[PDB]
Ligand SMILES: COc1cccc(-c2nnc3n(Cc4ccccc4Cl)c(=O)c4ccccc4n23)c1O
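Given next, in structure tokens, is a single chain: the form deposited without the named molecule.
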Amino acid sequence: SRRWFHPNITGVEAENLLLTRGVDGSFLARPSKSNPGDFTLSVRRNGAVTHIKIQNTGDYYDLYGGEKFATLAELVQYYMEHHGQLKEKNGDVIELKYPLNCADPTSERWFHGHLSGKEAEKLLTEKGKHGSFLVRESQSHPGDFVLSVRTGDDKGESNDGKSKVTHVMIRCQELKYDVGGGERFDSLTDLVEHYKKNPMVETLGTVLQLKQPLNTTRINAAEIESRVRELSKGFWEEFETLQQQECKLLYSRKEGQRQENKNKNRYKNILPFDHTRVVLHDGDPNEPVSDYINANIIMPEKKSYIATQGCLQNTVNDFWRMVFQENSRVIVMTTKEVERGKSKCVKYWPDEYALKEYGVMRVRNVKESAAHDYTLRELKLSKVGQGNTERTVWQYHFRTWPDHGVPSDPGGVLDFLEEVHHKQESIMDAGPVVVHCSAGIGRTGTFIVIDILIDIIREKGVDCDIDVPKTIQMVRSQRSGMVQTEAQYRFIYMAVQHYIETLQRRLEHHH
């Protein structure tokens, strides 16, 4: 689980907790109160506490005096299975041995805090199904909580009486929680987990199975403006609830962790999941391992994507092997080659009108066209020795994304993605759209999620269901950490709103 993240704790509270309820090797992580994208790892050692800063401006989590990570949970797993790996400024070793668990329930999907019983019934009546549940505050008994559960036959329709809502009072007595007998638990989370595993039964047989929380994030796309107004007064709480679910996604990354593959990775701990990695065939027999690239297939769940990193000097040939094998006809690039004086994506294309060989692959730059926010390069890709393999690959290079943060208006991103979409759709049997640069998780995830959400509205028009955090979770299950920050999360909502709003202007302008 992810109980070592404390969403609402001050530095002084962090110290107190470690000193009175922890030991040497106890740790926790907390967000900074004022400056978002800043986090702190607090750790006890030698009877004192040290605080280690973690920064995220949109590309990765950067731990001072340590490494860069795709998620906070991947960071914690790495140092809990690797001792003496984290070092102080002095040079000494910092051990993360014992998570210090949080009781606060405000980031759990099942917690509704403020709710009443009839409101909860109508919610579960309308949006909920067999085994749907929530926890809420009591109105008769101050300090207590209530667990509310729908059960019965989902097959049924109409108001037949084949389903019901059951309410179970939860008492809180000196910092512990219980359902009126048996075991006393240290947090609501512990209590919910236990009765999720060991469901309560009623005197007459009904089993109160806790199968899934109630969904409160799905909206009709035409109501986007109302949700955004409401989240603006919010976006942080919804984001951090989504982040709590990242512990479910620690899938294996063994092929990336192999010796033979180590210097094919921009950052050594940001790696592709095994189950979705792009596998390269037809390699050099002599090369020991010719089948690896730091890239994943992203399938929405008819257009698919490949999310990948900026090339290294020694992976440019592999990048073109991938584009050729997968039959990709469109590449999206989300960084300048250089930002803040550091290399972000190596130049892997020829100058305009020039021609270059990259291993067995040949590329001609036919023509570049400059737009306000991007440059388009018309490339032709073929295998050396075989003329009939030539196909056009169109490269869309987004150039105006800010060095830190996100753009303050989404129009340029949306016009860009609309043009990428029409090109892709013009080409019979095109393979997946390649999206990259930097570590290939932050901007890359943001552009893919926006594209997925807009495509639904392109198909089904302005009245249809969208669910931003649920989409991000499904994409995060196919590459680590897709969408990095609160500001990117907000930006996604704003882009959908802008899209909906222009689409309604067609109808206004018509009448």
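Quick note: we count residues from 1 along the sequence shown, nothing fancier. Residues that one form lacks are left out of the comparison. Under this definition, the rigid core comprises the largest set of C-alpha atoms superposing within 1.5 Å between the forms.
Separately, the form deposited with the named molecule bound exists; it is not shown, and the next lines address it.
Taking non-hydrogen atoms only, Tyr353 never approaches the named molecule to within 4.5 angstroms in the deposited bound form.
Using a 4.5 angstroms limit between non-hydrogen atoms, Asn269 touches the named molecule in the deposited bound form. The closest heavy atom approach of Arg377 to the named molecule in the deposited bound form falls outside 4.5 Å.
Using a 4.5 Å cutoff between non-hydrogen atoms, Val93 does not count as a contact of the named molecule in the deposited bound form. Looking at 323-331, 79-87, 356-364, 164-172, the stretch with residues near the named molecule in the deposited bound form, meaning non-hydrogen atoms within 4.5 angstroms, turns out to be 79-87. For the candidate set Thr389, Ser252, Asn314, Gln139, a heavy atom within 4.5 Å of the named molecule in the deposited bound form is found for exactly one residue, namely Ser252. Checked against the named molecule in the deposited bound form, the residues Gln257, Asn220, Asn198, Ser343 give one hit for a heavy atom within 4.5 Å, which is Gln257. Core-superposed comparison between this form and the one not shown: the C-alpha position of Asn46 differs by less than 2 Å. In this overlay on the rigid core, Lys470 has a C-alpha that sits less than 2 Å away from its partner position between this form and the one not shown. After superposition on the rigid core, the Cα of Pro36 moves by 2 Å or more between this form and the one not shown. Once the two forms are aligned on their core, only one segment of at least three consecutive shared residues with Cα displacements of 2 Å or more between this form and the one not shown appears, at 33-37.
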